[PDB]
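Below, each chain spelled out in residue letters.
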Amino acid sequence: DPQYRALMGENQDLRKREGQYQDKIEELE
Amino acid sequence: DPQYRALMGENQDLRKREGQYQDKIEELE
Amino acid sequence: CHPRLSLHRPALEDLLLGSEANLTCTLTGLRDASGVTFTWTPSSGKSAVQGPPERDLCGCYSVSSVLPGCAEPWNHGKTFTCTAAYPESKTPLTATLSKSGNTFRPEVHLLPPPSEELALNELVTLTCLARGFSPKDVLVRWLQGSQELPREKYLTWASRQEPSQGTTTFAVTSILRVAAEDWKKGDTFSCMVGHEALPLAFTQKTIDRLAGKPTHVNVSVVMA
Amino acid sequence: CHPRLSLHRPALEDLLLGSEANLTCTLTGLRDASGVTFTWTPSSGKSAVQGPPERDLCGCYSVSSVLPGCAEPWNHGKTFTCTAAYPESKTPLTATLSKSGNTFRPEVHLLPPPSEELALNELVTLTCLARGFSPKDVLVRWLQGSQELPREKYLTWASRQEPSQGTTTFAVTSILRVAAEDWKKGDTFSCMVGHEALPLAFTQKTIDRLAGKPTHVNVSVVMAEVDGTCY
Amino acid sequence: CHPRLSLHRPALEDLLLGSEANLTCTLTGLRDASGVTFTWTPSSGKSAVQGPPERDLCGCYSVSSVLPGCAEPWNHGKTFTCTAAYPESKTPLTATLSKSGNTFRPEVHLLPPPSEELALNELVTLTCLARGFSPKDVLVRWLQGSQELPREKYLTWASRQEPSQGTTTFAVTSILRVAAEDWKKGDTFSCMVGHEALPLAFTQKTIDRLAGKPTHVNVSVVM
Amino acid sequence: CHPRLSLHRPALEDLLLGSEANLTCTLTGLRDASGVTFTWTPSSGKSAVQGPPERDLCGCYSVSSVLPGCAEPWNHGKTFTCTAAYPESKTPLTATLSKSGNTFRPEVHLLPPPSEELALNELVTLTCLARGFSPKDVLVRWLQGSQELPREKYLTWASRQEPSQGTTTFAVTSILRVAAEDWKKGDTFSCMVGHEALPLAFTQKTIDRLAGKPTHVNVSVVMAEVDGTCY
Amino acid sequence: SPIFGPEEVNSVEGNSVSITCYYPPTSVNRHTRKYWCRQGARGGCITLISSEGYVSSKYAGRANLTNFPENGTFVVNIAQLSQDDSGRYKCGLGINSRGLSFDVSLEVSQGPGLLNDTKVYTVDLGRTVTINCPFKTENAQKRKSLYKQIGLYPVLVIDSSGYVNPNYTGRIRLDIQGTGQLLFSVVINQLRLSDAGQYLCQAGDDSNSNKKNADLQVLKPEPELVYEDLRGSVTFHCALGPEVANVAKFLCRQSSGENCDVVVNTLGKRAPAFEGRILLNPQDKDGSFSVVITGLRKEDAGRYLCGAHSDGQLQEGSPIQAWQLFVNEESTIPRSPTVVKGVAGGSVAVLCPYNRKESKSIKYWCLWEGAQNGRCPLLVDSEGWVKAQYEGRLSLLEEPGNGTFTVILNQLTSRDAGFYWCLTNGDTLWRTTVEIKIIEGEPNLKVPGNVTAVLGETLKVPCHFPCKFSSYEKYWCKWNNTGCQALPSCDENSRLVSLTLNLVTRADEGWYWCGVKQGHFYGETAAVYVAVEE
Amino acid sequence: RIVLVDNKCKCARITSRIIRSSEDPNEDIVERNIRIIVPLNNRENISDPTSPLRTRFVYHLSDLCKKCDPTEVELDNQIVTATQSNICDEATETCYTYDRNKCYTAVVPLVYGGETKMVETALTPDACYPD
Ligand SMILES: *[C@@H]1O[C@H](CO)[C@@H](O[C@@H]2O[C@H](CO)[C@@H](O)[C@H](O)[C@H]2NC(C)=O)[C@H](O)[C@H]1NC(C)=O
Ligand SMILES: *[C@@H]1O[C@H](CO)[C@@H](O[C@@H]2O[C@H](CO)[C@@H](O)[C@H](O)[C@H]2NC(C)=O)[C@H](O)[C@H]1NC(C)=O
Ligand SMILES: *[C@@H]1O[C@H](CO)[C@@H](O[C@@H]2O[C@H](CO)[C@@H](O)[C@H](O)[C@H]2NC(C)=O)[C@H](O)[C@H]1NC(C)=O
Ligand SMILES: *[C@@H]1O[C@H](CO)[C@@H](O[C@@H]2O[C@H](CO)[C@@H](O)[C@H](O)[C@H]2NC(C)=O)[C@H](O)[C@H]1NC(C)=O
Ligand SMILES: *[C@@H]1O[C@H](CO)[C@@H](O)[C@H](O)[C@H]1NC(C)=O
Ligand SMILES: *[C@@H]1O[C@H](CO)[C@@H](O)[C@H](O)[C@H]1NC(C)=O
Ligand SMILES: *[C@@H]1O[C@H](CO)[C@@H](O)[C@H](O)[C@H]1NC(C)=O
Ligand SMILES: *[C@@H]1O[C@H](CO)[C@@H](O)[C@H](O)[C@H]1NC(C)=O
Ligand SMILES: *[C@@H]1O[C@H](CO)[C@@H](O)[C@H](O)[C@H]1NC(C)=O
Ligand SMILES: *[C@@H]1O[C@H](CO)[C@@H](O)[C@H](O)[C@H]1NC(C)=O
Ligand SMILES: *[C@@H]1O[C@H](CO)[C@@H](O)[C@H](O)[C@H]1NC(C)=O
């Protein structure tokens with residue numbers, strides 16, 4: 001229920017998505 | 001609490017970063 | 001020694017995580033005439049408070065005046081002018097201070113530990129770099145997971161000026177050393193930067209193990 | 001004001017990349033004039049030079065002296081003392097110094113650019129972090145390929161003391177910003193750290209696009225013959 | 001020169017590969033006229049005409065006799081003694097001819113190239129060793145697959161007497177250098193030894209790459 | 001029969017395993033008697049002994065003479081010019097011998113016993129092959145453990161020049177027979193080859209059952225991503 | 001693998017511990033990183049302290065690490081131990097993941113306290129102990145008994161009437177001294193490992209029962225660590241007390257069978273493996289002797305025990321002292337010929353190495369003599385003394401001079417075969433042993449027999465050499481106690497390097513040497529005695 | 001186990017063992033063990049800018065086992081010095097790993113004021129100090 005846990009979860013999801021996009025950009029080159 | 005605001009700012013920055021990643025993948029094709 | 005009046009802007013730490021704001025106008029190089037009248041043209045809100053002279057330059061009695069409560073006018077864009085007089089001459093001294101524009105946000109990078117550090121089973125180093133911010137004031141702090149850390153655990157350098165050609169910008173760095181067991185377990189770490197130009201005045205970056213590109217090898221043994 | 005005497009160690013750059021080991025004795029708190037006399041414990045080729053006075057803070061004079069040609073004793077472990085006597089004095093001032101002990105060799109780490117900087121493809125930052133050495137003095141330089149870049153190209157910070165997990169130590173960081181095309185073409189950049197504790201007074205760490213992480217390497221091992229009368 | 005008489009034996013190559021194997025009974029050194037009379041005990045009915053009578057090295061004359069009409073069919077062990085007469089004093093001279101037994105079969109070993117030669121990919125040496133035969137008369141030939149190799153493509157040493165405990169035995173060696181690419185390809189190389197004591201008169205040995213199967217190399221990687 | 005003169009270089013056994021570089025000069029074709037004379041140009045060891053006039057095949061005469069000397073001048077590259085004065089003619093004929101040039105070093109190989117000879121458990125054959133040397137002189141010796149076997153225990157052939165692969169080269173072989181219970185035990189056998197063209201004049205190769213063909217090999221590959229230093 | 005240390009460490013709570021670990025003194029080893037870490041079930045050693053300035057949180061204030069590059073050692077000091085400090089630790093160098101380390105085991109046991117009802121007695125193995133058990137004055141003439149609490153039920157070991165348990169017969173006594181003494185004592189000699197345990201005294205079977213429980217523990221000797229190099233030497237100092245100053249001493253090596261294989265005794269014994277490379281010195285007044293072993297091999301590593309017993313072997317009831325030995329095998333000692341063969345009548349030159357850092361020492365040559373406990377008398381020294389029976393055929397030269405000196409011995413005979421030792425005065429003392437043999441043959445250099453001289457007449461002496469001594473330097477020298485020196489006397493082709501004496505006086509008489517040398521290195525020599533008559 | 005060879009130029013260790021049986025030849029076995037350590041962070045030539053990574057490791061058993069040093073042999077009555085290999089080309093081998101006991105240095109040009117100097121850098125700092 002606390003805000004900080006939900007914010008941490010959203011941050012982790014965005015970090016994983018950023019890593020996936022990072023992989024995808026490099027694989028194109 | 002400054003820490004919560006900092007976490008929100010980091011979330012916004014990561015969202016912008018992944019948006020720019022999407023824009024970068026679009027042009028390369 | 002030699003008369004001189006200087007104005008100091010409010011400190012960033014109080015402006016960001018504090019409530020009260022200091023506004024300092026100081027005179028140095030008198031060694032006498034303690035009855036110096038520090039008069040501020042924007043005499044609004046609170047009242048000016050004087051302070052006892054202090055030994056400065058080993059030959060002067062530096063006297064400073066503070067105008068607290070001016071955080072809101074300072075942020076709004078009100079220019080502060082400090083006026084004082086000395087008995088040496090009949091010409092009063094006036095100084096001005098105001099906020100500057102063209103503010104750029106910083107770019108923060110958190111770097112994982114070098115691969116040659118994990119082989120010693122000792123602490124590991126994490127570096128946080130803030131770069132490119134125009135105003136020369138910034139504050140950097142750290143978190144392990146959710147619990148903050150005391151200031152006696154990490155080192156930070158002063159915000160120097162970087163060698164560019166386009167515009168003037170500054171950089172700062174800090175390092176935090178953490179237990180190898182904490183790093184390998186899966187605990188995350190973060191570095192937070194606070195600066196004027198940010199809309200929320202606070203951002204941070206987070207690092208944890210097994211994050212990023214995969215690093216597995218593919219070996220082919222032929223044996224002829 | 002209050003007279004004082006001090007000694008300034010030779011600059012690190014001069015010692016490492018020079019031949020004049022000048023040690024300077026500085027005197028402050030001059031009253032009205034400069035009729036001081038300086039001397040040192042050794043005198044074999046001690047071409048002491050005083051020079052003209054200067055201007056001090058708040059208004060004051062301060063005349064210092066220098067002593068060159070002392071590199072050999074400095075490295076061998078000698079101790080240098082400068083004693084001065086000014087006319088308005090009753091007891092000469094003294095100062096002493098010697099090479100620092102308990103020195104720790106620095107640990108140098110060259111961190112590849114952050115992964116987010118290599119996608120905007122404008123400029124990339126290489127970070128050189130030297131960590132864990134006892135004396136404060138240190139130097140940082142850079143090389144692209146084999147030719148050093150001009151010192152007006154990067155930003156180096158002052159040496160500072162870090163938190164204690166044992167004995168006392170220091171740290172320094174430097175950064176270089178380089179074109180992304182150069183990085184992605186296959187150029188190699190080296191960071192050179194110069195410190196008295198290191199064996200040959202200098203060390204270097206190199207990095208390129210592939211070093212620092214496997215990230216899907218392809219390794220081939222042949223092992224041609226394995227039953228072949230190994231003698 | 002000093003007059004003398006000698007008796008030879010058919011060439012091993014002629015014996016095992018030729019149908020014109022003819023013995024020889026020669027008179028080395030002649031200082032008289034055509035007073036040569038040679039007789040051979042066998043009377044099968046062939047021709048025993050005299051060979052080419054000519055001179056020899058350093059002012060010597062010699063007359064030779066052969067049996068061109070016979071292919072030397074003396075497997076049963078005909079003594080084939082030679083009797084010669086000359087116009088000299090009344091002391092006719094003969095020759096010692098017999099078929100000595102004690103026939104031991106050769107043992108042939110074909111050895112692969114040293115591994116050092118295989119690490120440079122230039123040329124590889126194959127060695128043939130024939131050992132343990134009493135009749136010191138053997139011939140070595142080389143084959144690549146089925147095609148034979150000319151005698152100018154390999155080296156062969158003379159047949160020597162190897163040390164032994166009581167029984168006498170002879171040994172001989174040979175080597176052949178072949179292109180490393182062909183050896184790695186997998187072409188088979190054979191050494192053939194021809195000798196009298198053999199039943200078929202020829203023993204063949206073969207070698208090629210991957211001749212050693214039972215080797216059990218094992219591979220495993222860590223981290 | 002006919003006059004002829006020849007100079008023979010010293011044997012390799014005396015030259016290498018020693019320093020006696022005796023020289024021999026021989027003439028064939030003596031007419032009626034031994035009224036002949038010899039002359040070398042380095043007349044240092046004037047005591048050149050002349051042997052009896054040995055006969056030849058079926059009425060021929062030959063005369064050989066010996067000039068002693070150490071191997072130092074010969075290795076230095078001197079020249080010798082034996083000349084005969086047989087009475088059958090009034091014109092002497094000369095012969096010249098000097099150290100051979102354009103040399104090469106042998107490539108020694110020591111081969112393990114063949115498989116078919118090991119199942120019978122009677123005796124094993126070790127083969128030594130020296131190859132690719134231009135001069136025709138070479139020495140082959142065998143050793144068991146660290147002791148030299150007597151010369152009557154192994155068989156050595158002679159040097160036959162091999163088919164022309166461009167230039168002129170030679171080859172030699174030898175074999176040794178060893179008790180099978182000794183090879184299986186784990187003793188070591190060495191073949192030593194001596195040539196004039198080798199840097200140290202000798203080269204040995206040692207083999208035993210451990211340095212032979214193994215019946216099982218384990219290969220383990222370790223990947224060290226931290227650093228390469230081979231502790 | 002080259003690292004060493006104490007295999008097991010024992011301590012109780014509250015005390016400090018010190019652990020010394022050894023490495024080869026190579027410069028990389030001196031200047032690299034030394035660490036002390038603790039392993040676990042995860043397989044990774046977690047560094048607890050290092051030499052570069054790191055001190056773990058758990059070890060802050062207590063532990064510290066000191067490196068002694070000259071020694072080749074580094075010491076870890078720990079303080080305020082506890083039951084949690086028990087486990088498996090490692091020394092090491094460089095990186096943790098590599099194998100350059102050594103395993104140690106630490107065990108911490110609970111300390112005593114509040115147990116005043118029971119006493120404690122600690123004695124060394126095979127040493128006498130005494131136990132005083134008071135009895136109440138109410139019991140004047142009552143049986144005094146000692147009971148050993150063994151197994152479920154206690155038994156009797158000694159009474160006051162002369163009944164002694166078989167396990168204690170012949171070495172346990174009971175005393176009740178006079179002079180109005182109302183306390184009795186029990187004295188046990190030649191303590192054994194099984195004699196330790198819980199004892200209880202009793203004064204009669206009356207209701208008084210003035211008992212007093214006591215505890216006894218016999219201590220084992222902690223091994224002393226020794227770290228030596230290959231083909232070097234080791235010295236054992238056996239320093240047992242004067243109480244056994246007149247008993248046969250022995251040195252043995254414990255093996256897998258829990259049974260000493262005697263290495264040396266004092267009754268005239270010796271193993272066949274240590275022929276020519278072992279020495280047992282006489283003992284001093286205190287009762288200590290030394291044992292020297294040279295030419296250390298790969299198999300000289302293990303536990304050694306020196307003791308004093310009547311039969312000269314390891315039996316219970318004899319005090320013992322323990323050493324542990326490590327042979328480095330990463331040695332910097334130069335390799336030299338262990339076997340040197342000379343031909344009867346020829347000569348021999350021996351190169352003896354020493355430490356380059358002690359070039360101003362004194363050098364000695366000795367001949368090992370068996371047929372005793374072991375000995376090594378002197379033959380020649382580097383100062384001008386030579387034996388009376390070796391005059392004219394032995395010399396020492398410091399000619400190479402880069403950590404090596406030559407010894408020349410000619411006129412060989414079949415009696416000269418044996419073992420010879422090279423010694424020096426330095427602190428780092430390698431002892432090098434060379435075995436000289438004799439075979440049949442002829443000398444290379446040829447000189448005439450004994451030469452006579454007529455007073456006031458010129459004399460000439462030849463010295464023929466073979467064809468292989470033409471690229472050398474030929475010399476004639478005059479032998480003297482301080483060494484011979486080349487003369488300015490001639491040469492020729494491969495023969496006849498000659499000595500000339502214009503005028504002969506009585507001083508010219510003596511021994512001369514004709515020899516060859518390659519500038520710095522010496523070779524064969526031949527000795528001729530030049531006399532003078534009238 | 002008898003260590004046939006150890007090699008720091010390429011970090012390869014080869015050992016051999018023999019395990020016989022009471023009965024028959026076939027039961028007897030000879031085993032050879034090969035241990036290879038493959039670095040992944042040093043260059044083709046050991047100098048700073050070279051071939052961003054080395055990814056081709058080639059091991060020849062004949063090259064690993066070579067012994068390029070002389071020896072003393074007593075043949076009949078004298079001692080002779082003999083070589084021990086045919087592959088002893090005369091220091092150019094392409095080593096794959098740094099020897100722990102040897103130190104490797106580079107030379108770099110640095111500008112000091114209005115001049116230029118050639119400074120010496122230590123790639124392996126522990127391997128050799130000025131002693
Ligand atoms: C080389 O020639 C010399 C000269 O004749 C030989 O030396 C002679 O050897 C014989 C046999 O050993 C001795 O009886 C003579 O006394 C020697 N004479 C001299 C002057 O030394 C020598 O043996 C020959 N070398 C070889 C290898 O045959
Ligand atoms: C080698 O280690 C020994 C043992 O620690 C050192 O000898 C002791 O050193 C301490 C401190 O220097 C002294 O207090 C002791 O008196 C020394 N002797 C003993 C018996 O402990 C020795 O100094 C070390 N090597 C060197 C070169 O210092
Ligand atoms: C040559 O004369 C010397 C001088 O007497 C002899 O050397 C001594 O011989 C005696 C008899 O054995 C020994 O007791 C002495 O120790 C020897 N040395 C000295 C200095 O007297 C020598 O034996 C004689 N013969 C030879 C071949 O040298
Ligand atoms: C590996 O790199 C080193 C770098 O020093 C090369 O050695 C230098 O090569 C240059 C170019 O010929 C010479 O000018 C230097 O004098 C050499 N330095 C030294 C210390 O010898 C080395 O040749 C390279 N190796 C290979 C196989 O390319
Ligand atoms: C100003 O600074 C002082 C200390 O420097 C601090 O105590 C005070 O809270 C600050 N603010 C005001 C309004 O004085
Ligand atoms: C040291 O002093 C000498 C003497 O004036 C001067 O020439 C030299 O430049 C000085 N070097 C320094 C300050 O590094
Ligand atoms: C490289 O490694 C991959 C394994 O992921 C393999 O499929 C490929 O064949 C290898 N070679 C090349 C040229 O990619
Ligand atoms: C290390 O600790 C021991 C005791 O713990 C102390 O005696 C010694 O002086 C200490 N050494 C250093 C260098 O701190
Ligand atoms: C005596 O020693 C033997 C040795 O095995 C043991 O079994 C027995 O229990 C001992 N008895 C006593 C009374 O100690
Ligand atoms: C040999 O001696 C010379 C001179 O005494 C010296 O320069 C050299 O370093 C020495 N060699 C060795 C290996 O110590
Ligand atoms: C030679 O020896 C004699 C005594 O034998 C001695 O008096 C003399 O000093 C010595 N001289 C030398 C140079 O050794």
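Analysis parameters
- Residues numbered from 1 in each chain as written, not as in the entry; some residues may be left out.
- Chains lettered and ligands numbered in written order.
- Heavy atoms only, no water.
- Residues with missing side-chain atoms left out of burial classes, pairs and counts.
- Helix = DSSP H or I, 4+ residues; strand = E, 2+ residues; numbered from the N terminus.
- Expected span 1.5 Å × (residues − 1).
- Buried < 20%, exposed > 50% of the residue type's maximum accessible area, 1.4 Å probe, protein only.
- Contact = heavy atoms within 4.5 Å.
- Least-squares fit on C-alpha atoms.
- Nonpolar A, V, L, I, M, F, W, Y, C, P; charged D, E, K, R; others polar.
- Patch = residues over 30% accessible without salt bridge, like charges linked within 9 Å, V, L, I, M, F, W, Y side chains within 5 Å.
- Areas by Shrake-Rupley, 256 points an atom, 1.4 Å probe, with all protein chains shown as cover.
- Salt bridge = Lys/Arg side-chain N within 4 Å of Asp/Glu carboxyl O.
- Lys, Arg positive; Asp, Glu negative; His and termini not counted.
- Charge placed at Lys NZ, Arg CZ, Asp CG, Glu CD.
- Buried area = accessible area lost by both parts, 1.4 Å probe.
- Polar contact = N/O pair within 3.5 Å; in protein donor to acceptor, adjacent residues only side chain to side chain.
- Core = buried A, V, L, I, M, F, W, Y, C linked by side-chain atoms within 4.5 Å.
- Disulfide = S-S within 2.5 Å.

- Header annotation of the entry names cryo-EM as the structure determination method and lists the resolution as 3.1 Å.

1. Description of helix α1 (residues 3-28) of chain A
- For α1 of chain A, built from 26 residues, the straight-helix expectation of 38 Å at 1.5 Å per residue is met to within 8% by its first-to-last C-alpha distance of 38 Å.
- For α1 of chain A, the full list of buried residues reads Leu-7, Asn-11, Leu-14, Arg-15, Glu-18, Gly-19, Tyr-21, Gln-22, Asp-23 and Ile-25 of chain A.
- Tucked inside the fold, the buried residues of α1 of chain A contact α1 (2-28) of chain B, β17 (203-207) of chain C together with α3 (117-120) of chain D.

2. Description of the relation of the copies chain A and chain B
- After a rotation of 170° and a shift along the axis of 0.5 Å, chain A superposes on chain B with an RMSD of 1.1 Å.
- When the interface residues of chain A are mapped onto chain B, 92% of them again lie at the interface, so the same face is used by both copies.

3. Regarding the interface of chain H and chain F
- On the chain F side, the residues contacting the 42 residues of chain H number 36 residues.
- For the side of chain H that touches chain F, the elements supplying multiple residues, two or more each, are β1 (2-7), β2 (12-19), β3 (29-39), β5 (71-74) and β6 (79-82) of chain H.
- The dominant element in the side of chain H that touches chain F, judged by the number of residues it contributes, is β3 of chain H, at 11 residues.
- Taken together, the residues that form the side of chain H that touches chain F break down as 19 nonpolar, 12 polar and 11 charged.

4. Comments concerning a negative patch on the surface
All names here are of chain B.
- There is a patch of like negative charges on the surface, built from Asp-23, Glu-26, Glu-27 and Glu-29.
- Mapped onto the elements of the fold, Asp-23 is located in helix α1.
- Residue classification places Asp-23 among the exposed positions, given a relative accessible area of 52%.

5. Digging into the interface of chain A and chain B
- The interface of chain A with chain B comprises 13 residues on the first partner and 15 residues on the second.
- Summed over both sides, the interface between chain A and chain B buries roughly 1,400 Å², with carbon and sulfur atoms accounting for 69% of that surface.
- Of all residues in chain A, the largest losses of buried area upon contact with chain B belong to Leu-14, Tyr-21 and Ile-25 of chain A, amounting jointly to 38% of the total for that side.
- In this assembly, chain A and chain B are joined by 0 salt bridges.
- In this structure, the connection of chain A to chain B is made through 4 residue pairs in polar contact.
- Class assignment of the residues belonging to the side of chain A that touches chain B gives a composition of 7 nonpolar, 3 polar and 3 charged.

6. Quick notes on the nonpolar core
Residues and elements named next belong to chain G.
- In terms of nonpolar packing, the biggest core is built from 31 residues, with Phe-236 and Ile-293 touching the most fellow members.
- Residue assignment for this core shows that the elements contributing at least two residues are β18 (233-238), β20 (261-265), β21 (278-280), β22 (289-294), β23 (303-308), β24 (320-327) and β31 (418-423).
- With 4 residues, the single largest contributor to this core is β22.
- Beyond its immediate chain neighbours, meaning those up to four positions away, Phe-236 contacts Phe-289, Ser-290, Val-291, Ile-293, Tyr-304, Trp-323 and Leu-325.

7. Details of the state of the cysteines
- Evaluated as defined, the whole model comprises 25 disulfides over all chains.
- Paired by a disulfide, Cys-25 of chain D and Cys-82 of chain D hold their sulfur atoms 2.0 Å apart. Here the S-S torsion is close to 60°, and the disulfide linking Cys-25 of chain D with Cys-82 of chain D is therefore right-handed. Highlighted residues: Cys-25 of chain D in strand β2 (residues 23-28) and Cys-82 of chain D in strand β5 (residues 79-85), separated in sequence by 57 residues. Each member of the pair, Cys-25 of chain D as well as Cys-82 of chain D, carries the same accessibility label: buried.
- Covalently, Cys-37 of chain G is tied to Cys-45 of chain G through a disulfide, its sulfur atoms 2.0 Å apart. On the S-S bond that ties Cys-37 of chain G to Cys-45 of chain G, the torsion sits near 95°, and the link is right-handed.
- Among the residues examined, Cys-45 of chain G registers a relative accessible area of 10% and is labelled buried.

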